[PDB]
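What follows is a set of notes on a single structure, which appears directly below.
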Amino acid sequence: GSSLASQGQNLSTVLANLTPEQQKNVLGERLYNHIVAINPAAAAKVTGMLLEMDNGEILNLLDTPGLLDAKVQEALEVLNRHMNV
Numbered sequence: 001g002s003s004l005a006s007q008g009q010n011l012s013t014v015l016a017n018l019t020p021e022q023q024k025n026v027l028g029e030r031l032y033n034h035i036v037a038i039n040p041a042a043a044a045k046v047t048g049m050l051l052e053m054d055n056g057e058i059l060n061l062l063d064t065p066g067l068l069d070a071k072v073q074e075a076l077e078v079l080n081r082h083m084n085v
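The numbering of the sequence shown is the authors' numbering, which starts it at 1 and goes up by one.
Listed below in structure tokens is the structure:
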């Protein structure tokens with residue numbers, strides 16, 4: 001009756017469950033910066049879109065060459081001329 005399970009600080013272990021949520025956020029912030037100074041007219045696309053079909057997959061390995069390469073090219077190739085998905 002008045003003897004339920006002994007739970008401590010469940011909420012504390014709830015924040016630790018936000019790894020892919022926070023990471024995604026940081027990635028973008030740190031992303032736009034890599035390209036902002038390099039390819040300003042793409043960062044917005046690279047950061048927002050980032051997770052694209054092709055250029056996206058690679059993104060999994062946020063690198064200086066690949067990323068900055070498949071980011072600026074793809075961003076400049078498609079540009080804001082986006083519409084569908």
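All residues carry an ideal CB built from backbone N, CA and C; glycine is no exception.
If you measure between the beta carbons of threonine 47 and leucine 61, is that distance less than 8 Å? no
Complete runs of the alpha helix (DSSP H) confined to the region 3–52 [at least 4 residues]: 12–15, 19–36 and 40–49
Buried or exposed: where does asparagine 55 fall if 16 or more other Cβ atoms within 10 Å of its Cβ makes it buried? buried
Within 10 angstroms of the Cβ of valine 85, are there 16 or more other Cβ atoms? Answer buried if so, exposed if not. exposed
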